[PDB]
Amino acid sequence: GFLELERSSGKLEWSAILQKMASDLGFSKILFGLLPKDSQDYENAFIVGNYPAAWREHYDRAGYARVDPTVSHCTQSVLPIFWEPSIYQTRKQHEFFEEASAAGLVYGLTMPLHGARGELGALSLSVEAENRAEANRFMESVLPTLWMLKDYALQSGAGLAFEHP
């Protein structure tokens, strides 16, 4: 089932496969981001997914990589961080959550990625729900499968991003 990711050729097909797998687990929007070992900026990043273009552009332009609490979490942990104003603290973090919400990305989680060759990144996934309690139930229900998925995505994605011609 996860073998399809390795089987695919090209970032187009790979991203579509990952998006479908995530959708089948109940997540309508995902972002897979991966950096080479000891990256000092985002110039060499591999970023694929179906987050809206407007949000992608805004997050970049507003410098949210330095605000987003899930980013610093990824540098410190292999465990997922669930999206909660709570991981929000500062005024800019308040701004970030408000704007993410406005973009339609309210509930979700970010799974850190730490590759065998020092690759650093995340698979972030948003879930549409009536409320946070329901979102949490949807997410808990698929957490073991998502845990496998994130490592399969890391192993195959690192190859696609940085290695395969």
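Basically, rigid core = biggest C-alpha set you can superpose within 1.5 Å across the two forms. One rule holds for the numbers: they count along the sequence shown, beginning at 1.
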| query | Do you reckon 67-75 or 84-92 strays further from the shown form in 8 other deposited structures of this protein, measuring C-alpha RMS after a core fit? | reply | 84-92
| task | Would you mind working out which of 27-35 and 41-49 sits farther from this form in 8 other deposited structures of this protein by RMS C-alpha distance, with the rigid core as the fit? | result | 41-49
| query | Do the CA atoms of 109-117 or those of 32-40 have the higher mean B-factor in the entry? | reply | 32-40
| request: Output the stretch having the higher mean C-alpha B factor in the entry; the candidates are 5-13 and 140-148. | output: 5-13
| field | Candidate residues 125, 45, 102, 135, the one whose C-alpha B factor the record puts highest | value | 102
| request: Quick one: classify residue 87 as lowest, middle or highest third of the chain based on its Cα B-factor. | output: highest
| said: How does the C-alpha B factor of residue 51 compare with the rest of the chain: lowest, middle or highest third? | reply: lowest
